[PDB]
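Peer 1: Structure below; questions to follow.
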Amino acid sequence: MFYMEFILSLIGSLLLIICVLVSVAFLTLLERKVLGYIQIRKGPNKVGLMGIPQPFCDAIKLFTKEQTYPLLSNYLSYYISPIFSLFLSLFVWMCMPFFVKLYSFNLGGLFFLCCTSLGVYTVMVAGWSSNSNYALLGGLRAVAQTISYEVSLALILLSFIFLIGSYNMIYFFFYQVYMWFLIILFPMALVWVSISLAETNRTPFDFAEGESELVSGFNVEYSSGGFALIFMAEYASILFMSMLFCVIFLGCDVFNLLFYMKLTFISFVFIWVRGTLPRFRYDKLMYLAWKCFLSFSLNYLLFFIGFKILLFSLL
Amino acid sequence: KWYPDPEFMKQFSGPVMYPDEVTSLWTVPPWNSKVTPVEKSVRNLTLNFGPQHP
């Protein structure tokens, strides 16, 4: 009955939270192994049996490591941002689609836009709390990157949204029931990888945390426990985008293991980029954001709007 | 004949034609009424890049 409904809804949310957290913490190893073999390294195979408990080992180190809090009175404000970031990276999951009702969450695309937007405030205030020009430059560069890409991200969404005829994500499954949707929108997939990669701040768009240009960007002044939360937040983010890529382009077959095979392959693909590409410049990226992607997205918008008008004409 | 003389032209010409303790104090008559900006010194940001830096 009714309270059966609510109890399960909370169990599912809680159950998903532990899984996504343990997955991303455990996924970190797969980055370290996989990148280890892109390079001709062997990757972690030392601790436990073949480095399986490597990420648990990492967490124990961090939580034991003290919290080298910055200048005297910043305690809270420096302690806020990691919470307010890991929260977004997790809670963004709850809109993800199921056939087995977790929610009746409509406007899921809008909610995606919103959560992906809120990352700016976390990084920016984090740098501001740190109060170190290195951290501050990182935040500004991080802010500019995310804010710029959201513009293209929105219009890109709309192409799919029109092609499915609603904002409810679930209809991606019904429209993909015959033939996958990548093979229709191939260029969008490459662009969407880049947009997703920009959001999660991975390379080639690695300006926010980065290395060798800023020490760690905003992350530079973060002690252990805060750092662990930021680091987990980023990987919860990289997984979610991998899921969103899977549900849009590659079948949305939530009740089929092949969907989870596809999750791993896409998250692998993110790493596959990590070990291959070099980094962009500031300005060249902004050209790529406004002068290249926005034009691209508008054309497809004007292309598919006509197509659906023609489609509506036919039926 | 009396003609408007510099005394008569000094009747006006304050920030207030009946100057008081404050208007008579400070005066700002830029005749053109178009005062050019005066450039400031925009000190830049300093970064001790390196040594601890890849």
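Peer 1: What relative contact order, as a whole-number percentage, does region A:30-163 give when Cα pairs under 8 Å and 6 or more residues apart are counted?
Peer 2: 16
Peer 1: Starting from the exponent 0.38 and prefactor 2.2 Å, build the expected Rg for region A:216-255 from its residue count and divide its actual Cα Rg by it. Write down the numbers at each step before the final one.
Peer 2: Values: Rg = 14.7 Å, N = 40, 2.2 N^0.38 = 8.9 Å.
Cα-based Rg divided by the globular estimate yields 1.65.
Peer 1: I've got another one for you. Between exposed trypsin sites (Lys or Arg not before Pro) in chain A, where DSSP calls loop and at most 12 other Cβ atoms lie within 10 Å, what's the longest gap?
Peer 2: Result for the longest clean stretch: A:102-280.
Peer 1: Here's something else I'd like to know. With runs of 4+ DSSP H residues as the only contributors, calculate the mean residue ellipticity of the protein assembly as shown at 222 nm using -39,500 (n - 2.57) per run, divided by the residue total and rounded to the nearest 500.
Peer 2: Helix contribution divided over all residues of the protein assembly as shown: -19500 deg cm²/dmol.
Peer 1: While we're looking at this one, here's another question. More than 31 angstrom separation, counting every C-alpha pair in the protein assembly as shown; what % is that?
Peer 2: Above the 31 Å cut-off, the protein assembly as shown has 48 percent of its Cα pairs.
Peer 1: What does a probe at residue A:19 reach in region A:253-280, counting residues whose amide N is under 20 Å from the point 7 Å along Cα→Cβ?
Peer 2: Answer for region A:253-280: A:253-268.
Peer 1: Using 5 Å bins from zero, what percent of all Cα-Cα pairs in region A:179-272 falls into each bin?
Peer 2: That works out to 3, 13, 20, 21, 17, 11, 8, 6, 2, 0, in percent per bin.
Peer 1: If you don't mind, another one. Applying 1/(1 + (r/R0)^6) with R0 = 22 Å to the Cβ-Cβ distance of residue A:8 and residue A:257, what FRET efficiency is obtained, to the nearest 0.05?
Peer 2: The computed FRET efficiency comes out at 0.45.
Peer 1: Could you give me D for region A:45-145, from Stokes-Einstein at 20 °C and 1.002 mPa s, where the hydrodynamic radius is the Kirkwood radius over C-alpha pairs? Units µm² s⁻¹, please.
Peer 2: D = 129 µm²/s.
Peer 1: For all pairs of alpha-carbon atoms in chain B, what percent lies in each bin of width 5 Å, listed from the first bin to the last filled one?
Peer 2: Over chain B, the share of Cα pairs per 5 Å bin runs 4, 12, 10, 12, 11, 8, 7, 6, 5, 5, 5, 5, 4, 3, 2, 1, 1, 0 percent.
Peer 1: Follow-up. Check each of the GluC sites (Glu not before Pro) in chain B and keep only those in coil by DSSP with at most 14 other C-beta atoms within 10 angstrom; list them in order.
Peer 2: Loop-located and lightly packed - B:21, B:39.
Peer 1: Are there chymotrypsin sites (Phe, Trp or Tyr not before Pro) in region A:196-296 that DSSP marks as loop and that have at most 10 other Cβ atoms within 10 Å, and which are they?
Peer 2: Here the sparse-neighbourhood loop sites are A:255.
Each value in this text was obtained by applying a stated rule to the coordinates, not by laboratory testing. Neighbour counts run over all protein chains shown; Cβ positions are idealised from the backbone, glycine included.
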